[PDB]
Every structure is written in structure tokens, then in C-alpha cells.
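See structure below.
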RNA sequence: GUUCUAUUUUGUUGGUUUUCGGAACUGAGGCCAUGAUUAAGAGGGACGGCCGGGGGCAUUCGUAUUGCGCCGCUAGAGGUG
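Residue numbers (the authors' numbering): 16 to 151.
Given below as C-alpha cells:
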């Protein structure tokens with residue numbers, strides 16, 4: 016809750032691991048190591064319905080709550096590490112990722128570098144599903 | 001050269017060997033236009049370099065998932081129309 020930084024000189028850097036699944040969105044702000052966390056609120060903590068946890072409105076509320084909790088400390092700039100579900104499952108991030116990113120950008124967090132930390136397998140094991148798949 | 005024999009014949013009665021001709025064994029020879037068509041846009045093989053997620057054995061690398069050990073903060077997290 017105490018920052019030794021000078022205001023005009025530099026910015027304080029952190030990182031946010033934006034996990035974008037097709038059912039929930041994690042916005043998790045840690046330090047440069049990643050070991051020490053700061054804030055982690057989800058879409059399900061903000062909206063009390065399971066069907067719109069990965070919604071852009073819930074992701075916007077989670078990004079605004081993360082940005083408010085981060086301005087309560089004083090970290091100014093965040094690097095962005097986008098992460099989908101990964102593994103043998105899908106590698107496309109959900110709809111909440113761009114909404115939470117734009118929400119924290121409009122809230123006023125200084126964007127550093129954006130990169131991908133999606134756990135893309137080299138050569139994975141067998142996908143959840145039979146020989147024919149999740150037919151519906 | 002070695003072995004066997006049908007036999008014409010010594011004017012006719014008795015034995016042996018040969019000229020003559022027969023079958024088999026063997027040696028020095030003369031000659032052949034002296035004798036092997038080609039290598040199949042058949043095939044096999046050898047040889048040269050190159051190629052190939054061909055096969056086996058050993059070694060080695062990668063990440064994902066699951067689980068465990070340590071740390072930070074939160075009441076939610078999976079999953080579905």
C-alpha cells in the first residue's frame with residue numbers, strides 16, 4: 016500500500032495473465048516473477064449466474080475491479096499474457112479476453128507488451144471424446 | 001598291335017600258322033572354315049553414386065495432461081443450450 020516510485024520519472028510494472036476459457040475468464044495480476052500475486056477476480060465473482068461468466072460484461076466488471084484494486088496499490092503499467100484453455104482442447108481464447116483488455120485500457124492501465132502464454136502442446140495425449148467426438 | 005570266327009584253297013584222306021573277310025579292346029597320326037548366332041526397350045547378378053515418415057535395436061529431446069513438495073491472494077472452480 017506504499018509505493019517508493021516517483022510520479023514523473025517512471026512507471027511500476029506488473030503482469031496480468033488473462034485466461035480466456037469458453038466458460039469463465041481469469042484476470043490475474045502478479046509481479047515480474049509471477050510468484051507474488053496482487054489481485055484475481057473473475058466474471059463469476061461479479062455476475063451470479065453461471066451462463067454469462069465468460070460474457071464481455073462480466074469480463075469488463077472483472078477488469079474494472081482488478082484495475083481498481085491495482086490503483087489501490089499504485090502499479091501503473093501491466094504486461095499482458097493471454098492464455099486460452101490450451102492442451103489437447105481448444106486454443107482460441109474466449110470472448111472475454113478482448114473485452115477485459117479494452118476495459119483495463121479504458122480504465123487507465125499502461126499497456127506494456129502483449130504476448131501469448133497459451134499452453135500449446137507439442138504432441139498431446141488423447142482428446143476428451145470418443146472416436147466420433149462430441150456430437151450434438 | 002591283342003582276342004574270337006564263318007571259311008574259298010594245298011587233285012581226294014589227318015594237325016598248326018597265315019594271304020583273304022567279319023565283331024570287340026588299344027596306339028601314332030592326316031583333315032574339319034576344327035565346334036559356343038545375338039544378348040530381347042525379357043529376367044537375374046556384380047559395380048558406382050544418390051534417395052527414401054521402409055525394418056529392427058540402443059540412445060536422446062520436446063511439450064501437454066495428471067499427481068506431489070514450497071510460496072502469494074481470494075470464494076469460488078469444472079461443465080452445459
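For each residue, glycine too, the CB sits at the ideal point set by N, CA and C.
Coil, strand or helix - residue i by DSSP
i, result
"residue 29", "strand"
"residue 111", "helix"
"residue 81", "helix"
"residue 119", "helix"
"residue 147", "coil"
"residue 75", "helix"
"residue 63", "coil"
"residue 106", "coil"
Check whether residue i and residue j have beta carbons under 8 Å apart
i, j, result
"residue 35", "residue 56", "no"
"residue 97", "residue 131", "yes"
"residue 90", "residue 53", "yes"
"residue 70", "residue 59", "no"
"residue 73", "residue 40", "yes"
"residue 27", "residue 20", "yes"
"residue 15", "residue 37", "Any question about residue 15 goes unanswered here, given that the chain covers just 16 to 151."
"residue 201", "residue 106", "Any answer about residue 201 is impossible in this case: the structure gives the chain only from 16 up to 151."
"residue 114", "residue 75", "yes"
"residue 116", "residue 82", "no"
One or two residues paired with residue i in a DSSP bridge
i, result
"residue 54", "44"
"residue 129", "95"
"residue 34", "41, 98"
Near the ligand HEM: residue i beta-carbon under 7 Å from a heavy atom
i, result
"residue 37", "In the structure shown, the ligand HEM is absent, as is every other ligand, since no ligand is present at all."
Of the residues the options, the one placed nearest residue i, counting alpha carbons only
i, options, result
"residue 18", "79, 86, 50, 151", "86"
"residue 33", "79, 112, 101", "112"
"residue 80", "42, 133, 150", "42"
"residue 104", "84, 88, 133", "133"
Touch test, the segment 45–54 against the segment 108–127, Cβ-Cβ under 8 Å, three pairs minimum: no
Contact the segment 136–146 vs the segment 58–65: 3+ CB pairs below 8 Å: no
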